[PDB]
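Notes follow once the structure below has been shown.
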Amino acid sequence: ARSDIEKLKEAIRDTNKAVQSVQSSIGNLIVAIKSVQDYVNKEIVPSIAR
Amino acid sequence: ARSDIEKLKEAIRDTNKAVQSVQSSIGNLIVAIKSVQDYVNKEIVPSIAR
Amino acid sequence: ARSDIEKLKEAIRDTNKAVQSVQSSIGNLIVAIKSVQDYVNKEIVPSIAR
Amino acid sequence: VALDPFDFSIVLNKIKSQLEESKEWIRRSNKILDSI
Amino acid sequence: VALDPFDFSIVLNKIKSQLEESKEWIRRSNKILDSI
Amino acid sequence: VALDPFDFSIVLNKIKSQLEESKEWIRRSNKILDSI
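Top line first, the protein sequences correspond to chains A, A', A'', B, B' and B''. A prime marks a further copy of an entry chain. Residues in the first sequence are numbered consecutively from 140, following the entry's author numbering. Residues in the second sequence are numbered consecutively from 140, following the entry's author numbering. Residues in the third sequence are numbered consecutively from 140, following the entry's author numbering. Residues in the fourth sequence are numbered consecutively from 449, following the entry's author numbering. Residues in the fifth sequence are numbered consecutively from 449, following the entry's author numbering. Residues in the sixth sequence are numbered consecutively from 449, following the entry's author numbering.
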């Protein structure tokens, strides 16, 4: 069963890489949402207040 | 150990499906953030400039 | 091969925990985007209309 | 072309529905691992 | 009811904290796979 | 410091590119599982 164990190991390694790419996506989604937040806080909120 | 190998295989298949559903979620989060981007670019930025 | 089966099991358990943490991240990204949506709908859209 | 508020709501509910499906697949994976 | 700026900051930091925990679980999974 | 519209576009395209890489890794994992 050494061959099947090695296949399972390599499949999980690929799944782990899939999760790492999702982790990268989420990190950039944070950057994107923070950008929208900063713009609202700095440009739109004062505009409404004045 | 054939039974345990088959269980490990089916568990990873389920984990892979979990990652695919997260992938769908992220794709729609992009659509949602792009929508907010388009609205800011088209409606709010000119409004401030004029 | 009992030792290798147990290792594969524990690796997939850790990958599953990684996916659960991503699931938590996505849930809070929804909250964050909904917040931006609510603010636009309630404060900016009427402001433009009037 | 920004989504209208209705379509935006449809997209947010789809994100949530897929997140909920993801959690079910993890539960099933964990249940299979418990049977080893 | 839009979150106030403080609460919005709390949510963003929670998203980041959970992303960081996710990366640690992957490191541990990869370490176990290396021991096979 | 909010990103300018160009930089915002770069970030969105990076999110999409990484999502596409993620889908390829899942395809490869599923292909290996099929060979067991």
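All residues carry an ideal CB built from backbone N, CA and C; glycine is no exception.
query                                                                                                                                : result
A/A188 classed as buried or exposed, judged by whether at least 16 other C-beta atoms fall within 10 angstroms                       : exposed
Any non-hydrogen atom of the ligand SAM closer than 7 angstroms to B/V449 Cβ                                                         : In the structure shown, the ligand SAM is absent, as is every other ligand, since no ligand is present at all.
Under the three-state DSSP convention, the category A''/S186 falls into                                                              : helix
Beta-carbon neighbours of A'/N155, restricted to chain B'' and to distances below 7 angstroms                                        : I474, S477, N478
Reference B'/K479, options A/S186, A/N155, A/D143, closest by Cα                                                                     : A/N155
Within-8 angstroms CB hit, B''/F456 to chain A                                                                                       : yes
Contact check, B'/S470 vs A''/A150, beta carbons under 8 angstroms                                                                   : no
Cβ-based burial, B''/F454 [other Cβ within 10 Å; buried from 16]                                                                     : exposed
Cβ-based burial, A'/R152 [other Cβ within 10 Å; buried from 16]                                                                      : buried
Below-8 angstroms beta-carbon distance, B/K464 vs any chain A'' residue                                                              : yes
Short CB-CB distance (under 8 angstroms) between A''/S163 and chain A                                                                : no
Segment contact, 8 angstroms Cβ cut-off, at least three pairs: the stretch 457-476 of chain B' with the stretch 159-168 of chain A'' : yes
Sub-8 angstroms separation of A/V175 and A''/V175 beta-carbons                                                                       : yes
Within-8 angstroms CB hit, residue 115 of chain A' to chain A''                                                                      : For chain A', the structure presents residues 140 to 189; residue 115 of chain A' sits outside this window and is missing.
Proximal residues of chain A'', C-beta to C-beta of A/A140 below 7 angstroms                                                         : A140
Runs of alpha helix (DSSP H) wholly within the stretch 449-484 of chain B'' (minimum 4 residues, chain order)                        : 453-482
Cross-chain neighbours of A/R189 in chain B', by beta carbon under 9 angstroms                                                       : Residues of chain B' passing the Cβ test: none, with the nearest at roughly 17 angstroms.
Cβ of A/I151 within 8 angstroms of any chain A' Cβ                                                                                   : yes
Residue interval of the alpha helix (DSSP H) (run including A/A171)                                                                  : 141-178
Whether A'/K148 touches B''/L481 by CB criterion (8 angstroms)                                                                       : yes
A''/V175: contacting residues in chain A' (beta-carbon distance under 7 angstroms)                                                   : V175
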